[PDB]
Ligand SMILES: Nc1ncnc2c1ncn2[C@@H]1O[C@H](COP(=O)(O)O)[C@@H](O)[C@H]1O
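One chain follows as structure tokens, the form deposited without adenosine monophosphate (AMP).
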């Protein structure tokens, strides 16, 4: 047996700062995935420091259409998806510029999901160390596609170990796996609202600290209770313990 002072009774929690990638400074290691939605202005800052940048289908069009005059400074490592979704001249441009154009036929999975699978393969091949995968898009447009985006977060647990967030306009979503989470919301990029959405199944035991309306061993479920328009207590930290995957959503300032 060991002797002397020994640590006891600790447990593991998943710490994460959702909006860290939006900060000017820092040394966060992350990849960037551009989906088929109009690009927000923040894509410029995020593009610079990303370790790997990719586009899924039509995302290449949106990237191309917002980078005229400086497209050589915005060349994705790769572009994957259905190639009928990319305009002819756009595909021609990225191809000649050396971008890896990867076809992903599979009619049972979205280009987003297929794009993550390709990204994971590249992360491994290049032995990259990634703290998060930042996805731009997916939360606007066709309602079925917004839902597909959410479902991709559920499938991702089987695609990659790296945390994945999705950001579009003023919103971010991130899927909290069963367990305890420590979310730092003190970057100063945070907006005023947040929420906890029990999308796949009711979360029968949710406990939080840091919210205006906290949950204490409470049930969150559609038709029972869903936390929307929640806000922070000002502590700069939100903790969440959930028994099933629970979708965290939060506002992005401005």
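Positions refer to the first chain, counted from 1.
Although not depicted, the form deposited with adenosine monophosphate (AMP) bound is the subject of the following passage.
- Using a 4.5 angstroms heavy atom cutoff to adenosine monophosphate (AMP) in the bound PDB entry, none of 54, 121 and 160 count as contacting.
- Residue contact with adenosine monophosphate (AMP) in the bound PDB entry: residue 37 places a heavy atom within 4.5 Å of it.
- Taking the partner from the other structure, adenosine monophosphate (AMP) in the bound PDB entry has a heavy atom within 4.5 Å of a heavy atom of residue 142.
- Residue 85 belongs to the set of residues with a heavy atom inside 4.5 Å of adenosine monophosphate (AMP) in the bound PDB entry.
- Interface residue remark: residue 76 is not counted as part of the site for adenosine monophosphate (AMP) in the bound PDB entry, having no heavy atom within 4.5 Å.
- Comment: 132 to 140 is the region of 89 to 97, 67 to 75, 132 to 140, 172 to 180 lying near adenosine monophosphate (AMP) in the bound PDB entry, near meaning a non-hydrogen atom within 4.5 Å.
- Applying a 4.5 Å heavy atom cutoff to adenosine monophosphate (AMP) in the bound PDB entry picks out no residue from 159 to 187.
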